[PDB]
């Protein structure tokens, strides 16, 4: 295998004096040889404080040069970084660090997060990020340390994933998973080795795409990673010109902003250097996509993946954000929902997407054997996504199994109804849920938020739906117009709490 550290170490030998990491707003520039030395120093400093291999260290920080240095330093040492979204609630972050028996936690949030975990009964050395490294410049003591032996199945990094239940599950990513979690950006997306590679880091480092597909890939290809502490669409496009960005990987939301900005700021900004615009577009509306083809340069590549298996499907120059086909490393099936992994659907029926659990796959959820059992079955990973095989021989992602509504025999996907109702005039936000019914089985219900100052009516929305493409059985039976939808801290609809709020 080739580990993260080993990928970066090799790169460092090939391109020691080439720009590795840049914060152009902060004026910070680090070469491959320079970054490595800082990684080596922070590692040996963390080791001098008694940190050992296989020990789990939580990392809670927004994107920065220093957090990259820290995460890679922790990895070079032998420790296992557990990367956590800083936008999570203080109590949630504290519980997950307790849950995971972490040795220490590297933090660059407020003092309230530090207090919360300090008084949670955890046993985790609070390490402030600025104590370890600040503005690329590390605080370092002790001699150069040893590079420990790494085994393929051995834990390397921990990333968190939002299950149906409650608290995020901690997916353990083995050493051998790094290569294919990087190289799909080459085989699917078309990146190649070379110092031409300039990669805009719009994706958070706590997410696997942000880490493997963007940071590590950028470095492993002997290119440069452009740090972004905070996203702003016109600023991001300026960095594209100013830094000669070759590829960007971003969410549907960023790309909506970025393409709209690429309209207001037209041929003022030169975006020619950008050759790859990549995204997870399963939940990207057809309008945003159309906007992206019209107004943004470079090859557009839609990417389907999960924290647990990384990349499973893709599409070059996509006409629709839902339909994709498996690429290199991947093997996929669609099976009857709730059935065994060998129960392939009638090739027109709907079922759960499962993907082979090989090199890139996680080795389980930390301290959650039951959840692991529901997800890793007989060499397959269960996505929990509903899909169908199309006439063109491709896979169309319909929605999540837990979000699926069934109203009297016919399966119904709220994401479809949400896209239609979201185009209705005066609608700013819509979630469709199924209320319990003992006649239809489940009654499809729309919960709709009006635009500022506007009023909606159940009648007008029904009339709108009746004009749309929706088959009769899919039309909502009931509407609730709401001031707001209850959402967690980060930052999605609670389809359990809403259903309860809809009753009493």
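Numbering follows the first chain given and starts at 1.
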Tell me which stretch, 156-164 or 308-316, has the higher mean Cα B-factor listed in the entry. 156-164
Which is higher on mean Cα B factor in this entry, 264-272 or 243-251? 264-272
Which of 421, 191, 145, 404 ranks first by CA B-factor in the deposited coordinates: 145
Out of 116, 412, 183, 432, which residue has the highest Cα temperature factor in the PDB record? 116
Residue 358 by Cα B-factor - lowest, middle or highest third of the modelled chain: lowest
Place residue 502 in the lowest, middle or highest third of its chain's C-alpha B-factors, as listed in the PDB entry. highest
Would you please rank residue 464 by its C-alpha temperature factor against the other modelled residues of its chain and give the third it falls in: lowest, middle or highest? lowest
Tell me, lowest, middle or highest third: where does the Cα B factor of residue 473 rank within its chain? middle
With respect to C-alpha B-factor, does residue 329 fall in the lowest, middle or highest third of the chain as deposited? lowest
